[PDB]
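Q: Quick one: this structure, given as structure tokens, is what I'll be asking you about.
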Amino acid sequence: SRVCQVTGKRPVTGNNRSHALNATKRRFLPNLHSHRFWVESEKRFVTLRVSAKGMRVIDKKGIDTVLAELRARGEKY
Amino acid sequence: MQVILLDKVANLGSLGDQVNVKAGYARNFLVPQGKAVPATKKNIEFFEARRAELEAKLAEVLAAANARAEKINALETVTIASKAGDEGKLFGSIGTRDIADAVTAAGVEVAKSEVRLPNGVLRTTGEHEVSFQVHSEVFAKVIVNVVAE
RNA sequence: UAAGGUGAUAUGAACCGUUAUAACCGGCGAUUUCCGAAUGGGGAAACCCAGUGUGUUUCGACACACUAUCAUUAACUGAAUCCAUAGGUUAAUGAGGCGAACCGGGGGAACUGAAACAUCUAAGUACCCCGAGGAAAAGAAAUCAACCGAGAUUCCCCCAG
RNA sequence: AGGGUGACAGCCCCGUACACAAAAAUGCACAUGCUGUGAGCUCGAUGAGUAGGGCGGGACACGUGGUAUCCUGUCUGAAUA
RNA sequence: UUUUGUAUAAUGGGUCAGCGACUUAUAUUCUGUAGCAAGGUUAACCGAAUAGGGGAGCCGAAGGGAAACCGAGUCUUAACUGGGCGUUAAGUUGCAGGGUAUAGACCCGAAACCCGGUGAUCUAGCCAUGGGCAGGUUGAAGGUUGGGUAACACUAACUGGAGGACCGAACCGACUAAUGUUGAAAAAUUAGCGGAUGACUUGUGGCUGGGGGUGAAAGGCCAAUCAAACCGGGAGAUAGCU
RNA sequence: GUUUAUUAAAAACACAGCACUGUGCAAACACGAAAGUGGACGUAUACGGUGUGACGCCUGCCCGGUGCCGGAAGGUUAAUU
RNA sequence: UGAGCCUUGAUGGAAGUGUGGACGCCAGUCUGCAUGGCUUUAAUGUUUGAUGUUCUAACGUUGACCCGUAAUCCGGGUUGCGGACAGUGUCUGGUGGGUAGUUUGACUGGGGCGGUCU
RNA sequence: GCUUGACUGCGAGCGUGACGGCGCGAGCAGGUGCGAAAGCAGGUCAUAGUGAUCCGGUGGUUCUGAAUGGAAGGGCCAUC
Ligand SMILES: [Mg+2]
Ligand SMILES: [Mg+2]
Ligand SMILES: [Mg+2]
Ligand SMILES: [Mg+2]
Ligand SMILES: [Mg+2]
Ligand SMILES: [Mg+2]
Ligand SMILES: [Mg+2]
Ligand SMILES: [Mg+2]
Ligand SMILES: [Mg+2]
Ligand SMILES: [Mg+2]
Ligand SMILES: [Mg+2]
Ligand SMILES: [Mg+2]
Ligand SMILES: [Mg+2]
Ligand SMILES: [Mg+2]
Ligand SMILES: [Mg+2]
Ligand SMILES: [Mg+2]
Ligand SMILES: [Mg+2]
Ligand SMILES: [Mg+2]
Ligand SMILES: [Mg+2]
Ligand SMILES: [Mg+2]
Ligand SMILES: [Mg+2]
């Protein structure tokens, strides 16, 4: 449902606010692209519906430190 | 993105180098493929001495035998009787094997490729300026004296 | 608790009690058809059909009981590929649905007012959706003050239209 | 207090003040057994894709205004007493 | 009632009985009135509850200047003048009333706008599966045989049986007239009329839902409703009008 | 043949035919926040859109304006830095 | 190929003849390749943009096959094709009656037209 | 001819407006000019030649400036 899956980023709702200050609900949504990550240690290819930046996380922490959680909260993958 | 290397890799290969390459080239090839691992403490603050575990240690502590040059000195007149003949000469050939094997006395046994013969040893009888240079590092000074029966 | 009782329109009829469970009142239970989350499957709600068991058996019938899905865990099984997973079966747990308001969260109008109308207003209201408790939410300063100091949050009165 | 009773009753009736009563079942307090939690003391440790920042929005009484502060869809991204 | 003006042939009322429209909360200012007086008065809250306590605070006795600031003065100005606003006006708190503000704000009334649902048992398209079309007529293509040709063309009889083909019941439809118009009927009856093997007609069930559907297109149909359905809500929308 | 069920059956809609134009298929296009679906289990002799409306003889001149198609060298120009 | 950064380059073992390059204030020279006794423009390096090629390894696949599975879905696997393109998110220029909210004055010998408005 | 009174601060008192506002104004203070002087000049013989507020721009000012010193901003005066 368009969710970062790793950071839980969802599509927020805002206003278009065109010139003359005209309000018009628009709503923003995450990047997401679903990657083909290689757990390596788990010796498998786990594809997750990640998202820009949310991917930078997989790098900063770990494709395992990430999956450390996720499965922690009982998620897919 | 830094990460340590683990193989050839064109513009970067030190089987343990740290180069800042795009995170795309990584987590897509250099990594998940077997070619490099992120530079994360453990991969360093726990694997950084493995590198300095030689040039720094296995280079000056390695006394396994490098002290050979120093060990060989206390001798009792290292001489080899190549046997004289015909107005005084040599029946044998004191080249290399003999100079290095000049330790088979007390059953001891030293190297051999540690010869110091800038040229093909000649035939005489006097002392040989043979400097049994063990390791390509430390030198030495062994003597050889041809005689007869 | 008691001399009267078998709810009402409802008399009557057959009866039950006057000393101790006659009636009736309160606690705890028993039974509690079928529909309905409805859960064995199906379905035009209250109906149609099945599998596996089971006892008395005229030993067939009878009927009754278990069998939904998902989640966690445990055991056993187990593909593409040694492995290993995926998948499969079982069991034990728990959820499911309903409900007045109050409460937290997701989403969010317009009429209207501006004596017209776009910014602005109505209003984060109405409304939809999710979740929770007896309350919720909030909460022990990376708060505020002003060189003096105060010391979490919450609610009321002021400050001040 | 109040209600009923053949018209308006303190003393007809039911109640009323007051004083009493629980096999059991339970709300809430305490107090305790069980399971689980785990107290205290010495020395340590001190919340990074985070704080900030650019773009777009939103919340702040505060309509970007000279506009601090809070939140984040997007791109970034530190010090570390 | 409305009007310059109504017996007015201008509005409203058949009649009666009951109901039916300037309210309420808070705030602000006046008037009356009571308390106290350069003072008046408490708010929440405590409570031995209409007490008593609580004076946080609000209003008033000082004003002028944009302000710093000064002060019965103060601004203006270089001006110590003049000029403006002030200075020997009693205020304050209740209680009742007049007015105003925020509220539905005297009462009743739109056409409408927005939000969530209910409707394809009528109708419009389509989907699946079944049914129907008395009778009478015309007679295409193709074929056989004779003629004909070098062979084909071509020809004529017969055979054959086509068609949004012809006449006409059922069935479908709806051009005309009359009657009906408080109808027999919220569109029909009667006499005529058009199609009638087809883009035909009909039964059962299904699918499209409202700014949306469907439409051989009239804005037509979407349950006697349609230039945006019905139901409930925002809602006592708004009504400088009656 | 179709049409304003309930004042309009028509010269109106439709029609076979004609023309232009878009679409190389995961088609154009349409329903849908998306998944997906229709187009079509079709594939340019196909499908969509538009206008004209059997058939006969025909369908002239204008590309200035607007639209569409091609060019895109040069002028102007967003965020971004 | 821009632009940088800066290392090696010109004006601010020995003569004597050739053959390029730089323009020549031109007739002068500068500077390169045998035999003979800091400021201009580069070259490699290195960075970083602009194109444009090739690659695979993200990503696409509504090609083929295998397993879940005696499923057209979906997921995993293999292979082929494509490939950093496409596509999506955020930002941004164009287009945009497809849709939405509205505006579009009053006077007036009825209104409108005409005229008027200080 | 010579000049800058088309000056600065104020203003008794009036006129005219529902109001916002508009107009006339002797005289006072400071500095000007013209004249020998009295004196005249605060734009044109007069009456049309015009746009309130807000939001801002510019110059000036020690008015204010959110802990304090500055500063941004605000006020005041001139002006677009
Ligand atoms: Mg069921
Ligand atoms: Mg059942
Ligand atoms: Mg309005
Ligand atoms: Mg009249
Ligand atoms: Mg009358
Ligand atoms: Mg009456
Ligand atoms: Mg016919
Ligand atoms: Mg007929
Ligand atoms: Mg039907
Ligand atoms: Mg209708
Ligand atoms: Mg309302
Ligand atoms: Mg109303
Ligand atoms: Mg006809
Ligand atoms: Mg009609
Ligand atoms: Mg008709
Ligand atoms: Mg036509
Ligand atoms: Mg023509
Ligand atoms: Mg419009
Ligand atoms: Mg409106
Ligand atoms: Mg008018
Ligand atoms: Mg004049």
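Here Cβ is always computed from backbone atoms with ideal geometry, including for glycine, and neighbour counts include all displayed protein chains. The numbers here are math on the coordinates, done by the rules we state, and not lab data.
Q: Please list, in order along the range A:2-15, the HN-Hα scalar couplings obtained from phi with the Karplus expression 6.51 cos²θ - 1.76 cosθ + 1.60 (θ = phi - 60°), rounded to whole Hz, x for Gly and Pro.
A: Residue by residue, the range A:2-15 yields 6, 10, 3, 6, 9, 10, x, 4, 10, x, 7, 10, x, 10 Hz.
Q: Here is a follow-up. How are the alpha carbon pair distances in the protein assembly as shown distributed across 10 Å bins from zero to the largest one, expressed in percent?
A: For the protein assembly as shown, the binned pair fractions read 6, 19, 15, 11, 10, 10, 9, 8, 5, 3, 2, 1, 0 percent.
Q: What does the helix-only formula give at 222 nm for chain B: each DSSP H stretch with n ≥ 4 adding -39500 (n - 2.57), the total divided by the residues, and the result rounded to the nearest 500 deg cm²/dmol?
A: After summing the helix terms and dividing by residue count, I get -1000 deg cm²/dmol.
Q: Using label points projected 7 Å from each Cα along Cα→Cβ, tell me how many nm separate B:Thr124 and B:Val108, to one decimal.
A: 2.5 nm
Q: At a Förster radius of 45 Å, what calculated FRET efficiency corresponds to the Cβ-Cβ distance of A:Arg36 and B:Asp17, to the nearest 0.05?
A: 0.95
Q: Classify chain A from the C-alpha gyration tensor, please: rounded if a/c falls under 1.5, else prolate or oblate depending on whether a/b exceeds b/c.
A: Here chain A falls in the prolate category.
Q: Which of the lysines could be linked to B:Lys141 by a straight reach, that is with a Cα gap under 26 Å, when you skip same-chain ones fewer than 8 residues away?
A: Candidates past the 8-residue exclusion: B:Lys71, B:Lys83, B:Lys89, B:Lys112.
Q: Using a 7 Å offset from the Cα along the Cα-to-Cβ direction at both A:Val46 and A:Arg17, what is the distance between the two label points in nm, to one decimal?
A: The modelled label-to-label distance comes out at 3.9 nm.
Q: Sketch the reach of a paramagnetic label on B:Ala10 as a point 7 Å from Cα along Cα-to-Cβ, and name the residues of the range B:27-58 whose backbone nitrogen lies under 18 Å away.
A: In the range B:27-58, the label zone of B:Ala10 (backbone N under 18 Å from the point 7 Å along Cα→Cβ) covers B:27-31, B:33-36.
Q: Another question, if that's okay. Name the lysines eligible as straight-distance cross-link partners of B:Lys41: C-alpha to C-alpha under 24 Å, and not fewer than 8 places from it in the same chain.
A: Cross-link targets: A:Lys43, A:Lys53, A:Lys60, A:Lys61, B:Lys8, B:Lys22, B:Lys57.
Q: May I pose another question? Just check the range B:100-146 against the gyration tensor rule for me: Cα atoms, a ≥ b ≥ c as the square roots of the eigenvalues, rounded for a/c under 1.5, and otherwise prolate or oblate depending on whether a/b exceeds b/c.
A: Oblate, since a/c reaches 1.5 and b/c is not below a/b.
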